[PDB]
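Just the one chain here, the form deposited in one PDB entry, laid out as structure tokens.
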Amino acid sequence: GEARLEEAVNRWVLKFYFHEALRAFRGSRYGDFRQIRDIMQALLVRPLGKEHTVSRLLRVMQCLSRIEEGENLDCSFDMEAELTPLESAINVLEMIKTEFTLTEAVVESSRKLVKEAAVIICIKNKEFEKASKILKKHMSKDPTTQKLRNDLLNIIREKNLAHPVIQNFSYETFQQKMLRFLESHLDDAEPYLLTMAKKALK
């Protein structure tokens, strides 16, 4: 009887902090995003009613969590093996790929940026063997990447961390592009507790 009413507010509390996380993520305020992430992670264990609306946002939160820590190779979300958080965002984007029922036309353009980021970040951290592994296992070998696909290995062979290709890559615009992509496939409905807090403090 009371289990649903707990599940009801649990969805509410979960969807409120998912909104504040994107809003903090959009403003490049990853400290509060990381704090809010831990709150949502603590809600994962709680009874959340099986609603497809929250499963979609949890996967979006999964991807953005791995991107925010994508420059920190001293941690791994898929801990069973050792996968850089950007390799982690690749598999999550592939789980977002199937469950969100997307045509690959809209997805593959974003999967370019993540696989590109997964290799470049490994280059800037001087783990050159790691970069080429992601480079062969995930990079497309299609024409659009063929210019950059050939560009990266040459740098990894030369250990040329000063190549413009590596230093023109800005991680901030990479995250923000991944945000509006993942966010465009969710609806901007205002969370119920945010509306209900607006009425009280007025």
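The first residue of the sequence shown is number 1, and the count goes up from there. Note that the rigid core is defined as the largest set of C-alphas that superpose within 1.5 Å between two forms.
Keep in mind that the form deposited in another entry is not shown, yet the notes after this line are about it.
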Which one of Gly31, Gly27, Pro47, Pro164, by Cα shift of 2 Å or more between the shown form and the other one, core superposed: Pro164
Is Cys63 displaced by at least 2 Å at its C-alpha between the shown form and the other one when the rigid core is overlaid? no
Taking the cut-off of 3 Å or more as given, in which direction does the distance between the C-alpha atoms of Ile155 and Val107 change in the other form, closer or farther? closer
Flagged pair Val165/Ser110: C-alpha distance shifts by 3 angstroms or more in the other form. Which direction, closer or farther? farther
